[PDB]
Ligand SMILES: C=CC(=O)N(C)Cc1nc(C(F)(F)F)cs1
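In the form solved without the ligand, a lone chain appears below as structure tokens.
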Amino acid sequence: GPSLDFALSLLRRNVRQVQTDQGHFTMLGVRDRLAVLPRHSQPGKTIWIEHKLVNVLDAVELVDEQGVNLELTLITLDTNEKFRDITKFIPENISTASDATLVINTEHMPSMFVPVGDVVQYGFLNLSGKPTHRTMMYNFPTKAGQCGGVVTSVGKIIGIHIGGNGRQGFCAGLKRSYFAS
């Protein structure tokens, strides 16, 4: 219903099929020329968006006040395009949620809704030797190919998927101030 209406709106206008040397990811266009990707996709000076090559002008890998990885990287793309500003759908603080859907859009998983259920606070997560703070979990056997997916519930954007164990899956908590500047 109104929750997925929003997911469609976001798929169409802000969620992009992307590739880096690290493989396939879902990119969230945030506003203007600013997008986010999970840190592990390691975007270089360039990146493929719907297969066309786009320059990356600047790239920040977000960290704690304590310097811990938050597993997110803001990029500023080289285009004449504005993403419709969806920062007003990102809460001020990392928000847990109920019947969330994970929105994925890559070449292999195009236009994809995954019903991950509730999203609960997790916090510290060490995936493959690499710590992350401010993560949240949903109880769903998430997989390779879904990183960068956008976690939504009730018209809010709360998360970018970043990992899983074959049973649960984990996202990077989104908060609006990250998209400040």
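Numbering starts at 1 and runs along the sequence shown.
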property: Selected stretch [higher average CA B-factor]: 9 to 17 or 161 to 169; result: 9 to 17
property: Stretch with the greater mean C-alpha B-factor as recorded in the entry, comparing 32 to 40 against 64 to 72; result: 64 to 72
property: Entry-reported Cα temperature factor of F124, expressed as the chain third it lands in; result: highest
property: Relative C-alpha B-factor of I94, binned into the chain's lowest, middle or highest third; result: highest
property: CA B-factor placement of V154, once the chain's modelled residues are sorted into thirds; result: highest
property: Where the record places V114 (Cα B-factor, split into thirds across the chain); result: lowest
property: Position of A144 among the chain's modelled residues by C-alpha B-factor, lowest, middle or highest third; result: lowest
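Just so it is clear, the following notes concern the form solved in complex with the ligand, a form of the same protein that is not shown.
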| item | value |
| --- | --- |
| Shown-form site status with respect to the ligand as positioned in the deposited complex after superposition (2.4 Å backbone/C-beta criterion, 3+ atoms) | blocked |
| 4.5 Å heavy atom contact, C147 to the ligand in the deposited complex | yes |
| Contact label in the deposited complex: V114 to the ligand, heavy atom within 4.5 Å | yes |
| Residue contact check: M109 to the ligand in the deposited complex, 4.5 Å heavy atom | yes |
| Per-stretch contact check against the ligand in the deposited complex, the hit in 138 to 146, 47 to 55, 151 to 159, 29 to 37 (non-hydrogen atom, 4.5 angstroms) | 138 to 146 |
